[PDB]
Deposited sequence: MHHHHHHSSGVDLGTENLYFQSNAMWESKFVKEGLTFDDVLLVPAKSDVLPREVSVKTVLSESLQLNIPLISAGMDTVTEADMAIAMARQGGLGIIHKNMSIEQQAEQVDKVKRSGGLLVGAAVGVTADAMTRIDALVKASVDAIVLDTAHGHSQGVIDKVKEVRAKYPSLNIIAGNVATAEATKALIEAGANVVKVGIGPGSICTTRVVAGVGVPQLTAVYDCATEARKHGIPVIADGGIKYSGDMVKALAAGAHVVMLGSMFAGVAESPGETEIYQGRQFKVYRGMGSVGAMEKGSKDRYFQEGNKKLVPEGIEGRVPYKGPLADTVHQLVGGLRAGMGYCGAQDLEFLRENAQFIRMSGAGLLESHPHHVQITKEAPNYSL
């Protein structure tokens, strides 16, 4: 049966569907965008800044936390430098902060230094979360810190979600290949369309009461609404936060216009800092302070929740209905046959 079912499975991505409007008794200004990942970790907005060397550092995680979100300090630095940055964030009013940790031999010594800075969640993020080495590390970390929030990823199947939950992780991160700087699906030929991956993983984690994180693939505020409506509790962003003033990336000039360096953790340049690469090096347009971008994201989420009549996010993921779409409909969803003179804050 394994030979005959090679090409049976089918996947859906963000640009394949649309959210169906339903009866609404709530106004967009009145909806609540709050979400809870655990009793020790509660966010006012479902936005997380990814743990990359060009997205989130001490300055970024602070600005993200002041807005109700969460920042993830990347692991491409020394153990003592990462612990001080976590302490620097917590010093600004005891905000919420996370830190990425790789499945290395010295991971436990890195994790020990982070908990003494009272980090709120660690992220055991790797390219393949369904690996045996990743599962054993989760059992190893959970045994030493029973009350710590453990985020494990990345995965894209329901079987991989269940395996990490049984290893000790209470938060599962979903996404293999949808990143804007990712080339895994081109280099390794491996991947699962995000919207299907989120739906499959959230279905498995929902019967255990485990939240899932939609990580990667979001390029517009509407895609964030689709990810949350597919079963995800929160969304993790990289490209939409890289052009923010608070991000660590370096400023470069292109065509007389400011840009910010945005690289993947699998790029050759990010590798030296930390055999074949699975990411590319690039630049994103400068978008100014973080607060401007966040208002457009939440404002786009409030509009979508108003169309579906969802007062809270849990009503959205439990009731929102999609409609499948062709390629010609995607051009219909975007502005067409009109010369765009002014570029909108959201577009």
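Chemist: Take the full deposited sequence, match it to the modelled residues, and report the stretches without C-alphas.
Modeler: Those stretches are 1-23, 298-309, 383-384, listed in order.
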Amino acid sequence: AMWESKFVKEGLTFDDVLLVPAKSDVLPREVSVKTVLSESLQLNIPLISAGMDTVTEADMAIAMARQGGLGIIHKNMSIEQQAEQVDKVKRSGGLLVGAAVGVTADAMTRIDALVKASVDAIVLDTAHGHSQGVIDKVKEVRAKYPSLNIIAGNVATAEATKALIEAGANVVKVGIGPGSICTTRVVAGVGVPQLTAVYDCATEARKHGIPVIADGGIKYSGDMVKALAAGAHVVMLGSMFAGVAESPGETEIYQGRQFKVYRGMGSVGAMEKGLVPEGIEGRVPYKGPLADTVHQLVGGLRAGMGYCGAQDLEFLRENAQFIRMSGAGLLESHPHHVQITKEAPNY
From here on, numbers count along this sequence of modelled residues.
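We call the rigid core whatever largest set of C-alpha positions still superposes within 1.5 Å between the two forms.
Chemist: Do the Cα atoms of 244-252 stray more than those of 183-191 in 9 other deposited structures of this protein, or is it the other way round, with the core held fixed?
Modeler: Comparing 244-252 with 183-191, the larger C-alpha deviation in 9 other deposited structures of this protein belongs to 244-252.
Chemist: Do the Cα atoms of 174-182 or of 207-215 sit farther, on average, from the shown structure in 9 other deposited structures of this protein when the rigid core is superposed?
Modeler: Checking 174-182 against 207-215 in 9 other deposited structures of this protein, I find the farther stretch is 174-182.
Chemist: Do at least a third of the other entries of this protein fail to model residue 274?
Modeler: Yes, left without coordinates in at least a third.
Chemist: Quick one: say whether 222-230 or 93-101 has the higher mean Cα B-factor in the deposited entry.
Modeler: Mean B over CA atoms: larger for 93-101.
Chemist: Comparing 1-9 with 336-344, which stretch shows the greater average C-alpha B-factor in the deposited entry?
Modeler: For C-alpha atoms only, the mean B-factor is higher in 336-344.
Chemist: Say you rank 81, 194, 170, 267 by Cα B-factor from the PDB entry; which sits at the top?
Modeler: Max CA B-factor in the entry, restricted to 81, 194, 170, 267: 81.
Chemist: Using the entry's values, work out which of 184, 247, 154, 85 has the largest Cα B factor.
Modeler: That would be 85, according to the entry.
Chemist: Of the three thirds of its chain by CA temperature factor, lowest, middle or highest, which one includes residue 29?
Modeler: Middle third - that is where residue 29 ends up once the chain's C-alpha B-factors are sorted.
Chemist: Ranked by Cα temperature factor within the chain, is residue 71 in the lowest third, the middle third or the highest third?
Modeler: As the PDB entry reports it, the C-alpha B-factor of residue 71 lands in the lowest third of its chain.
Chemist: Would you please rank residue 295 by its C-alpha temperature factor against the other modelled residues of its chain and give the third it falls in: lowest, middle or highest?
Modeler: Middle third - that is where residue 295 ends up once the chain's C-alpha B-factors are sorted.
Chemist: Within this chain's modelled residues, let me know which third the CA B factor of residue 325 belongs to: lowest, middle or highest.
Modeler: CA B-factor rank for residue 325: middle third.
Chemist: Select lowest, middle or highest to describe the third in which the CA B-factor of residue 206 falls within its chain in this entry.
Modeler: Ranked within chain, residue 206 CA B lands in the middle tercile.
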